[PDB]
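Secondary and tertiary structure notes
Spelled out from the first residue to the last, the chains are:
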Amino acid sequence: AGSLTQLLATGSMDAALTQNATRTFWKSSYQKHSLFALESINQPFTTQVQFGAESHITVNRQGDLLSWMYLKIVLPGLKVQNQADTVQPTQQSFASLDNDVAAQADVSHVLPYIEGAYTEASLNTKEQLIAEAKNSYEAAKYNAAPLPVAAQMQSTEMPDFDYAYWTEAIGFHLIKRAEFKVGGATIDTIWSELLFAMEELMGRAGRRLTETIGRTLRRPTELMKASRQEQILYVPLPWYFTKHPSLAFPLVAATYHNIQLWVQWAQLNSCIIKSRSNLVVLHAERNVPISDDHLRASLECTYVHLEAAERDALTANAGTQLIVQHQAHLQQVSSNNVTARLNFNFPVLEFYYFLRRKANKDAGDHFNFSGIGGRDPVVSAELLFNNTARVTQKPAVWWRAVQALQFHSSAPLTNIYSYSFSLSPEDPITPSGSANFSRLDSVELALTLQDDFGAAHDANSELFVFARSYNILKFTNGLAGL
Amino acid sequence: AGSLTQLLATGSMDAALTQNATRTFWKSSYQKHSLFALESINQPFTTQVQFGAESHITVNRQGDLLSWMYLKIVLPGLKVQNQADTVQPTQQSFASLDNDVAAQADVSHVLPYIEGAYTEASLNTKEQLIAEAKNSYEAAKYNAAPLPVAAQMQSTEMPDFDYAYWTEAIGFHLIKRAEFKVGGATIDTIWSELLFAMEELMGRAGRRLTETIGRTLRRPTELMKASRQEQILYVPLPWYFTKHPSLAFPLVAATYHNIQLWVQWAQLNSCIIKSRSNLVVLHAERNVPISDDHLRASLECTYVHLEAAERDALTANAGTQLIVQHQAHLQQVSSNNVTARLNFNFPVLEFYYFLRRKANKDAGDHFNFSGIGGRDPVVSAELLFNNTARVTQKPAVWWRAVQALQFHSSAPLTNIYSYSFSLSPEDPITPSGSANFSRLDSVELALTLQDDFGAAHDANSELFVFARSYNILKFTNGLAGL
Amino acid sequence: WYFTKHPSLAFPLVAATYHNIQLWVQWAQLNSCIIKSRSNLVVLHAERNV
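Residues numbered from 1 in each chain as written, not as in the entry; some residues may be left out. Chains lettered and ligands numbered in written order. Part of a larger assembly, values for the part shown. Heavy atoms only, no water. Residues with missing side-chain atoms left out of burial classes, pairs and counts.

As recorded in the PDB header, cryo-EM is the method behind this entry, and the stated resolution is 18 Å.

What follows is the structure, given as structure tokens:
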């Protein structure tokens, strides 16, 4: 009686929701699709792959569309030997944990707050004086309550043996820059720092790229274990056509253009960290000093094979694809107040920004975007259009956590900040907002950074700003162009 | 002036995106739906439930559709007593940690690499010699750099007291096989190993089945804590009709067919691990030896009640549902080169494969798909159609991590490999690609496994291959059939 | 086989489309394939040590 009465208890308001219902929950409807197949094919680079060099590949035409694209990287296992035991000790310098430049830079900021005879003190007494000076510095700069000295003395249990390892997220770090080219024109460009920021914000829970890029979430012991043997990494290249099947790049519609991936590789000296400064780093299998020619890479592409009728239709009329392109503003930081002039073009969906200390970069911690003592490097930021506040001054947590909560699949674990003009900037096919920067005379991101950011040992810290913008790729008569 | 100018700054390209806009972001539109209610009802098995037996239930007709289905399992708490203190010590044998068959099998592979007097050595000296021999084995087989001996000596802090526990993910392990039957015909079949693989790949972040199936992510101390008291598990049965409301099984349209769930239960000896070989395992409440009749299970079904008009429409014309069925190829492995002949039928969406060492199975670690020393058991795999490479030789990481990244909600924490012909194999209502195996004369999965896989103590290791295939379930005149 | 002796005798697969072509091989017994230095030796697979 009650359940039937609920179906009868309808009024004029229910008519807007349920009158002439076009859907039922109790019967499945499905759509028929055209026939297609997927094939994954690995392809060698056209030029030699080496650390610090640029390499390119011309993408083969082994199907009708191009869907997924992965850079397959093979890194050798690492071993170490004392320089005294080596017949040829001359190698490039690597970052070493006995010379922690990041910890030395952090100590340099607290030196003015050390009370007593620091120079003559025992090692254990120096560690105590540094921890007390950190409390005095943080009280003076941040009105922080002092932490117990014992809580600041975190011994990272480092192993009592010699090692070397590939840096955190080495699969991204290796790709300093990649360019997707069609007919000799650059269609899009991606950077190591952008790839990491995109994975932090858009990386879905349970599908994080951890193993696929050599990322351990800053657990040095896991990087050491992984680095003792050969590593095979599959780094996704997040081009517009890899984001949705309807955006797959129509190879058949671009028949008269070569499709190329160009990759600028990281220098070998930046890719490795060692336990001690006096160690030589060896290729674990070959027992020779590690060299720039030990980098191996290939391109793994997923091709789509279409039925003849769909292939012929796509060849006759591929039309236009909405694309997202990436733009970069890279700036050196030498002061706590920084203004970035964002000379980006087109309808910008969103931008990301973050800072890297010189000391973190020099320590080989390339994706450590933290400030001094691991703090947030940004105090506040403001966004100006033509000297008018588009976003008034907001604290770092608003740009990092509130923007990520509103617009992104994930909140960043590092100090990555974002701002979206789009309601859904991760939707590759549905435009949901933008600001046209080609119609603004000035776009300025004004930053107030933490105290002493870009001073002394951190002179030439880096500001990264990346923007995502809409453009249109047009296919006509076997040619493709922006 | 700027924001109004952006709305006016439109050209012929914007017309394809925004001309005659059929959607606004500033006004919600909603659809009205028909009236329905959901009811969860628990039902006993029609036959006795016991370990190692087969049991069935005829599903009641308590609503118009059948939606969710959970196997509700009740396991008793476990206690242990010394065999010497027990009036009836005769029980089935259980795996025991004082007789670690998996560790003994791993030691057997490194015996040829032990230098010195192993037989006469002290226990601590034997552990050192085994860790050194592991380095020599891994250097010889994999060109691995040696790990410090202290880093290989992981003491799992096992408690200094007697215990027994239910094996990891016991809720899946208990279900050796389940069959969904309609009118005496098997509509679909699921296996323990498939349920685990499906949860690894399709299990969403924050909705993993951990507690609901007795899974701890291989933390033995948590399995021990849970096993001291009665456990109630709710194991989801992932039938086609549980995946989307429009696929709910139309009970009213199948009025003349009995709907049955058949379950083949795991043997009790495989479900329990104990600290020591000389312990008797007791039911914690009853203080009697644990026996095959201590398994309790019931079926929890979610029924849908429809409004009379929708019920009558569905009874008159339920039509056809697209269904996904599961197929299995199960093979013994006795060599490092394995060819699996996949005699699957219908349009296959995707397949999963993985290996289990005999030693891991015998140790009661039923979902440990790792190789020797916890390594990846697959070096490479190739997929052939009619002796032509459909997927050329690819390394294990491509089949495990790249395929999961492209097509699945999650990456597996265990050595589960997949391959999809579908762009969205987790979409239950939208076909997005398949390969029709009923039109292929041969489908071969060729595997190169790690060295010594399936040799000696691992003779009769297991290969599992599961496929997901499309079929159609038809409803006509109160009957249902494939 | 006759078709391996001269190019003009190559077996015309296209002309035999409705017949399966099969090679059947009867293998020698393992006991006949091996000779050893001494009667009291066990013969092992060199790689597998079985």
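When helices and strands are tallied, chain A shows twelve helices and 24 strands. Expressed as lengths along the three principal axes of its C-alpha atoms, the size of chain A is roughly 85 × 60 × 60 Å. Contacts in chain A between residues at least 24 apart in sequence constitute 81% of all its contacts with a sequence separation of at least 6. (Helix = DSSP H or I, 4+ residues; strand = E, 2+ residues; numbered from the N terminus. Contact = heavy atoms within 4.5 Å.)

A count of helical and extended segments in chain C gives zero helices and zero strands. Taking 2.2 N^0.38 as the reference for a compact globule, 50 residues should give roughly 10 Å; the C-alpha atoms of chain C span a radius of gyration of 21 Å, well beyond that estimate. Principal axes of the C-alpha set define a box for chain C whose edges measure 55 × 20 × 20 Å. (Rg over C-alpha atoms; globule rule 2.2 N^0.38 Å.)

In this section: unusual backbone geometry. A positive phi angle, near 50°, is found at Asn477(A), a position not held by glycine. Within the secondary structure, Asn477(A) sits in the loop between strand 23 (461-476) and strand 24 (479-481). You will see that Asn387(B), though not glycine, has its phi angle at about 60°, which is positive. Relative to the assigned elements, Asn387(B) resides in the loop between strand 18 (378-385) and strand 19 (388-395).

A few words on the relation of the copies chain B and chain A. For the pair chain B and chain A, the best superposition has an RMSD of 0.0 Å and corresponds to a rotation of 120° with a translation of 0.1 Å parallel to the axis. Such a turn and shift between the copies fits a three-fold axis. It is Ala205(B) whose C-alpha, among those of chain B, lies nearest the rotation axis, at 3.1 Å. Of all interface residues in chain B, a mere 11% are interface residues in chain A too; the two copies therefore contact each other through different surfaces. (Least-squares fit on C-alpha atoms.)

In a beta sheet, neighbouring strands pair by backbone hydrogen bonds and run either parallel or antiparallel. Residues and elements named next belong to chain B. Strand order in the open sheet formed by four strands is 16-22-18-19, and the pairing between neighbours is antiparallel. Edge positions in the open sheet fall to strand 16 (337-341) and strand 19, since each of these has one partner strand only. Each strand axis lies, on average, 15° off the axis of its neighbour in the sheet, ignoring direction. Where strand 18 lies against strand 19, five bridges are found, and the strand directions are antiparallel. Considered in strand 19, the bridge of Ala381 is made with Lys394. Where helix 12 (residues 396-407) meets the sheet, it contacts strand 18 and strand 19, and its direction lies at approximately 90° from that of strand 19. (Pairing = 2+ DSSP bridges. Axes fitted to C-alpha atoms, helices over the stretch in contact; angles between N-to-C directions.)

On to the environment of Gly478(B), then. All names here are of chain B. Residue position: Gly478 is located in the loop between strand 23 (461-476) and strand 24 (479-481). Along the backbone, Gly478 and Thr315 are 163 residues apart, and their C-alpha atoms lie at a distance of 7.6 Å. Each residue touching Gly478, except ones within four places of it in the same chain, is listed here: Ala253, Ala254, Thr255, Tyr256 and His257.

It is worth spelling out the interface of chain B and chain A at this point. Interfaces are often sized by the accessible area lost when the parts come together. Facing the 18 residues of chain B at the interface are 16 residues of chain A. For the side of chain B that touches chain A, the per-class residue count stands at nine nonpolar, eight polar and one charged. (Nonpolar A, V, L, I, M, F, W, Y, C, P; charged D, E, K, R; others polar.)

Turning our eyes to something else, we now look at the pairing of strand 17 (residues 347-356) of chain B. Bridge count between strand 17 of chain B and strand 21 (residues 435-436) of chain B: two bridges; the pairing is antiparallel. Bridge assignment links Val348(B) to a residue of strand 21 of chain B, and that residue is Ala435(B).

Moving on, we get to the arrangement of the chains. Separated without contact, chain A and chain C have their nearest C-alpha atoms at a distance of 21 Å. Contact between chain B and chain C is absent, and the least distance between their C-alpha atoms amounts to 7 Å.

Here the focus is the sheet that holds strand 11 (residues 259-265) of chain B. All names here are of chain B. Pairing in this open sheet of four strands is antiparallel, and the strands run 2-11-7-8 from one edge to the other. Here the strands that pair on one side only, and so sit at the sheet edges, are strand 2 (54-58) and strand 8 (185-191). Sheet twist, expressed as the average angle between the axes of neighbouring strands with direction ignored, equals 20°. Pairing of strand 7 (residues 175-182) with strand 8, which is carried by six bridges, proceeds in the antiparallel orientation. The residue bridging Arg177 from the neighbouring strand is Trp191, located in strand 8. Here helix 7 (residues 192-202) sits on the sheet in contact with strand 7 and strand 8, set at roughly 65° to strand 8.

This next bit is on the pairing of strand 7 (residues 175-182) of chain A. All names here are of chain A. Two strands pair when backbone bridges link them, and strand 7 and strand 11 (residues 259-265) are joined in this way by seven bridges, in the antiparallel orientation. Note that in strand 11 the partner of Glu179 across the bridge is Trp262. Here strand 7 hands over to strand 8 (residues 185-191) after two residues, with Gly183 in that stretch at a positive phi of 60°.

Attention shifts here to helix 4 (residues 123-142) of chain B. Side chains of residues three or four places apart in an α-helix project in the same direction, reflecting 3.6 residues per turn. A rise of 1.5 Å per residue sets the reference length of helix 4 of chain B, with its 20 residues, at 28 Å; its end C-alpha atoms lie 28 Å apart and thus fit the reference within 8%. Positive phi appears at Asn143(B), one or two residues downstream of helix 4 of chain B, with a value of about 50°. (Expected span 1.5 Å × (residues − 1).)

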